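A.B. asks: Got an experimental structure here, sequence first:
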Amino acid sequence: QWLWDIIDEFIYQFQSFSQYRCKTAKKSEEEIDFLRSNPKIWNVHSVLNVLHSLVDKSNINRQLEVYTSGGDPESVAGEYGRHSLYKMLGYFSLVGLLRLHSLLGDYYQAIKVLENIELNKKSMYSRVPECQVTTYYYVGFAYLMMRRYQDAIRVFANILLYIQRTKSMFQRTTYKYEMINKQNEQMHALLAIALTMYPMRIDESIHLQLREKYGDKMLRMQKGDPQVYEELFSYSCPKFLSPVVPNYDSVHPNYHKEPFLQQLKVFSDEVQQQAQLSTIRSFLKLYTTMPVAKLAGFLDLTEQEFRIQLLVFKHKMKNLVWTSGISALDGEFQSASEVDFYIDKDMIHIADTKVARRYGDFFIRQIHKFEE
Amino acid sequence: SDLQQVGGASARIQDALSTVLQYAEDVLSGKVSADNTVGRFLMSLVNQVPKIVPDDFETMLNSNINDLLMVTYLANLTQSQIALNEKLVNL
Amino acid sequence: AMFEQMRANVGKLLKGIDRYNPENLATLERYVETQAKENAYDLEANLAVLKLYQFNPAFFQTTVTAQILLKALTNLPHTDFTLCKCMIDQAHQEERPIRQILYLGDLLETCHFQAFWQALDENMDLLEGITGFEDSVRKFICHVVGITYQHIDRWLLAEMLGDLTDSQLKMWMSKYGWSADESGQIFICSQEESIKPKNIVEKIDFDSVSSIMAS
Amino acid sequence: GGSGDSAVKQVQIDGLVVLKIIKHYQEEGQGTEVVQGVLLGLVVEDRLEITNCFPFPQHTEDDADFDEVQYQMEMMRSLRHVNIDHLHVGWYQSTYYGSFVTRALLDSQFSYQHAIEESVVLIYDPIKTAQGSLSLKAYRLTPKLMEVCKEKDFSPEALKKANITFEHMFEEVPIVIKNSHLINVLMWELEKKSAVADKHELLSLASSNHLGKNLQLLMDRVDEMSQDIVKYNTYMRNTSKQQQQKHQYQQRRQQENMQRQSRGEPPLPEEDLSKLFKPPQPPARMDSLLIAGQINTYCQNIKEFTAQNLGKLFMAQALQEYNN
């Protein structure tokens, strides 16, 4: 008790709100202009909008926990409660934008992602900073999925910066905000490991204390001590298709046991080779075009014994991220060295100290005008 | 902004002046009052702007581009440090 | 000339209402059968099949799982084996020819082709059945070298490509706008194409900051 | 168009006013804040057209003691004989600083603006600001401050006036925009030192060729800034550390003393309850030091926005020009 009739209440009024929100959002504009007129408060039905989307994503996954096989919950939610509200007369608000967010909650959860084209196609509307922080949250995942870390890092540094003036402050994020920030820590830690030396992007979001933390963390993973491969994914296992968090752990039932084995077995595949490619590249770019003596003299740490040293290093040299080369009778082992500076980070941070003063002005200046 | 407009206006006087005193001697007998008067003052333009073509001095400047950014950054941060510190008086 | 027939069926499922339900493992099995015929790809096709296999591991096939695997592997260096194993569970990963072509993916997505085509079964139930597997994988083979490698040897290309000396070495060689180098290796592209630095042209960014600092 | 708050207009300083200013420019008082006169204008269409202003001579050997009003009373008699009456619509200085609002002179500016609300107070800037952005700063003081008068007082009339929160900087008016035709003959002086006696026009373009090349222009200014931001900023924060050594850190222990005694005795006083809560010296705000603290730190940042752009435009020019 204190679980199941609540599950019913939530999911019944979810699919009932899906009914009268799908039907009166397609052709007519009567409800539209009456919800404009009567409640000028443009708030409580941007609240309904997001709150129910979050508890829907959670509670249908709470029903999935029991109905693993031939399970109605995710089908009836994902098709009619998400994709019928998707195909809609694009309303003049953050309603149509939140419908495609509300389904992308499930479309990231269940990992059949490559109409990422259509997710950013259908909205020709103003992605509100409150909503575009969620877009970064949503799309950044789809580009760590596509085996492109070097430009998927471009998505997460800006949201853990939270630089785009985020405040609401009407129970709207909602009720799970610092856990969202903690998942944003997982994603920036993820895009730091196999990339450093390359960024030049663990400056802005992650700062010196928990930067050197995730430094010592990711570099001991890079050294080949997999305590951090272990810890990162041990505390990131549900974080890719979690409900919001599962209901209640007991002893007996096998149904509950399947979806957590499901989230283990399929995305443990992703992280095994993440830490492999990290440890393959780990070691520094010491010398440029090494002679075959210096090639083997560096494979003394990198990979020897003995035979098949050179040809397993070929397996380490064909990655799209390892520019090497072997000239035969010249006997020249060519290798690249991709560097970056640091002092070039003061171009829009300087505009941000300007807007930070203007922000320090805002709250106190309306106080002044209201008091006056 | 406007003393750079008149700095450009000076540079218009140069080009319109230098072109005609050239093309006058392309025709016949120009660069008379412009042989080693403006010819000396073309040399006087380039005496102190620009410097010959020294890329070592361009690096000196490119580090100048770093230190003004800093002078300018310190500048707009102490703008923030006005309301930041000085006005939590304002609560 | 069969993916011209079916892409309509693919696109109307692709943007449809029958991707989650145990309803549509019939038509996109047969579009990717056609993809296997004439070397066209679309992740969404097999994605909808592996989708309702994730939904309820009960309908999951074996040789059609190999059709998902091969057509995801043959289209390298695209990232398709990620969303293969993101739905193929340990429940699904312990049969044949599943766990064979799962390990073939472990080899191909990190480049281990000599050991692939060495311990490889010379012909599979699927090899010529899905025509273009050999060339498309061996296109990717030469691509990772051509992109991030300066000087390839004649023997080490032939060794890496798999169990060959000179003939198909020079076939895979000359077809890529490659030049022969003096007695004897292959020139694939520039040797100063090694370093590849794109951003140390910093410090001319007065313009972009000044844009705000006029006021 | 050029109205402030109810009474005031903008100022219009034609160039013939500017020249009696820069005669007593930054000399007869170089490192001495000479109040270089009172802006004798008049009230015409949208603008306080200044016509003639007289430089006030503070006893300037090394300091500035206020000289005779008999000077001002004969300079007004003097201007009345041939020119306008003493329609003082502001006062002006330069004087040895780049964009600073002097607090004691801001009180001289406040009572001036309480007397005549139609007033903007000029801060001239010659090349000492390093040229440099905003040279003529006709800075008037907030009318919401001129409302809560007098003046900015320290402990009382600080929280009260900073709940009213009158602005700190307000209405640095646009000065000299239009062909007023006072002009006339200094135009007719341009066409002659455009013409064959042109030796003097170049020598003004010389004050261009021995400005830059040699003058610490960034460094010595940044060193004087390197002195200003270490004393002024730490002191405001020493204020904003001493104020809540008293606001909370005291009232943390003041209520700790009060709450401990069960908040009084039933049958008697309530002796120590009346004794406890003795208000600290800054109970609220300290918004008198601080407002001009707002102004002068915001003024640090105009010098800083000066040291911003003055810089940039060399780094532009010498990366531009050099590169050929």
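C.D. replies: That came through fine. Numbering: from 1, shown residues only, chains lettered A, B, ... in the order given.
A.B. asks: Residue D:197 and chain C, how far apart?
C.D. replies: Relative to chain C, residue D:197 is positioned 39 Å away (Cβ to the nearest Cβ, to the nearest Å). For the C-beta atoms, the positions are set from N, CA and C on the backbone; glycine is no exception.
A.B. asks: Contacts only, for that residue.
C.D. replies: With contact set as Cβ atoms under 8 Å, 6 or more residues apart in numbering or on different chains, residue D:197 has no partners.
A.B. asks: Could you name the specific helix or strand carrying it?
C.D. replies: Residue D:197 belongs to no helix or strand when elements are defined using DSSP states H and E.
A.B. asks: how near is it to residue D:19?
C.D. replies: Residue D:197 is 19 Å from residue D:19, where distance means Cβ to Cβ, to the nearest Å.
A.B. asks: a strand runs through residue A:267, doesn't it?
C.D. replies: No. Under DSSP: H, G, I helix; E, B strand; the rest coil, residue A:267 falls outside any strand and is assigned helix.
A.B. asks: Contacts only, for it.
C.D. replies: A:111, A:237, A:240, A:241, C:86.
A.B. asks: what does chain B put close to chain D?
C.D. replies: B:1, B:3-4, B:10, B:48-51, B:53-54, B:57-58, B:61-62, B:64-65, B:67-68, B:71-72, B:74-76, B:78-79, B:81-83, B:85-90 (Cβ under 8 Å from any Cβ of the partner chain).
A.B. asks: Can you narrow the contacts of residue A:267 down to the ones near chain B?
C.D. replies: Among the contacts of residue A:267, not one lies near chain B by Cβ under 8 Å from any Cβ.
A.B. asks: Any of the residues you listed buried? List them.
C.D. replies: Applying 16 or more other Cβ atoms under 10 Å in any protein chain shown to the contacts of residue A:267, the neighbour count classes A:111, A:240, A:241, C:86 as buried.
A.B. asks: Name the helix or strand for the first one, please.
C.D. replies: It refers to residue A:111. Using DSSP H and E, residue A:111 sits in no helix or strand.
A.B. asks: Surely it is in contact with residue C:83?
C.D. replies: Yes. Residue A:111 lies in contact with residue C:83 (Cβ atoms under 8 Å); the separation is 6.3 Å.
A.B. asks: Show me whatever sits in contact with both of those two.
C.D. replies: Contacts common to residue A:111 and residue C:83, judged by Cβ under 8 Å, 6+ apart, are residue A:145.
A.B. asks: Quick one: residues contacting residue A:317.
C.D. replies: Neighbouring residues of residue A:317 by Cβ under 8 Å, 6+ apart: A:324, C:148, C:149.
A.B. asks: Okay, the closest residue to the second one other than its chain neighbours and chain B: tell me how far apart.
C.D. replies: Which is residue C:148. Nearest in space to residue C:148, with sequence neighbours left out and distances taken as Cβ to Cβ, 6 or more residues apart in numbering or on different chains, is residue A:323 at 4.3 Å. The spacing between residue A:323 and chain B, counted by Cβ to the nearest Cβ, is 28 Å.
A.B. asks: and residue A:323, what is it in contact with?
C.D. replies: Residue A:323 is in contact with A:335, A:336, C:148, C:149, C:150, C:194, C:195, C:196, counting by Cβ under 8 Å, 6+ apart.
A.B. asks: now do 6 Å
C.D. replies: By Cβ atoms under 6 Å, 6 or more residues apart in numbering or on different chains, the residues touching residue A:323 are A:336, C:148, C:194.
A.B. asks: Just give the closest residue to residue 318, not the sequence neighbours.
C.D. replies: Went with chain A since none was named. Per Cβ to Cβ, 6+ apart, closest to residue A:318 is residue C:111, 3.5 Å.
A.B. asks: Chain D was what I was after
C.D. replies: Here the residue nearest residue D:318, using Cβ to Cβ, 6+ apart, is residue B:61, at 5.0 Å.
A.B. asks: Over to residue A:294?
C.D. replies: Among residues not flanking residue A:294 along the chain, residue A:287 sits closest, at 6.0 Å (Cβ to Cβ, 6+ apart).
A.B. asks: likewise residue B:23?
C.D. replies: Closest to residue B:23 by Cβ to Cβ, 6+ apart is residue B:30, at 7.0 Å.
A.B. asks: How is that neighbour assigned, secondary-structure-wise?
C.D. replies: coil.
A.B. asks: Tell me how far it lies from chain C.
C.D. replies: 39 Å.
A.B. asks: follow-up on the earlier one: give the buried residues for the host helix or strand of the residue nearest to residue D:318.
C.D. replies: Using DSSP H and E, residue B:61 sits in helix B:55-81. Residues of helix B:55-81 classed as buried by neighbour count (16+ other Cβ under 10 Å): B:57-58, B:61, B:64-65, B:68-69, B:71-81.
A.B. asks: Check stretch D:123-135 too.
C.D. replies: Residues of stretch D:123-135 classed as buried: D:123, D:124, D:125, D:128, D:129, D:130, D:131, D:132, D:133, D:135 (neighbour count, 16+ other Cβ under 10 Å).
A.B. asks: isn't there a helix covering the third one?
C.D. replies: I take that to be residue D:125. No. Assessed by three-state DSSP, residue D:125 does not belong to a helix; its assignment is coil.
A.B. asks: who's in contact with it?
C.D. replies: Contacts for residue D:125 (Cβ under 6 Å, 6+ apart) come out as residue D:135.
A.B. asks: residues from chain B in reach of chain A?
C.D. replies: Proximity of chain B to chain A, by Cβ under 6 Å from any Cβ of the partner chain, involves residues B:69, B:73, B:76, B:77, B:79, B:80, B:83, B:84, B:90.
A.B. asks: now, which of the residues you listed sits nearest chain D?
C.D. replies: Nearest to chain D among those, counting by Cβ to the nearest Cβ, is residue B:79 at 3.9 Å.
A.B. asks: From the centre of the chain, give me the residue that's furthest out.
C.D. replies: In the absence of a named chain, chain A is used. Within chain A, the residue lying farthest from the chain centre (Cα atoms, centre = their mean) is residue A:329, at 49.1 Å.
A.B. asks: Switch to chain D, please.
C.D. replies: No residue in chain D sits farther from the centre than residue D:267, which is 60.6 Å out by Cα atoms, centre = their mean.
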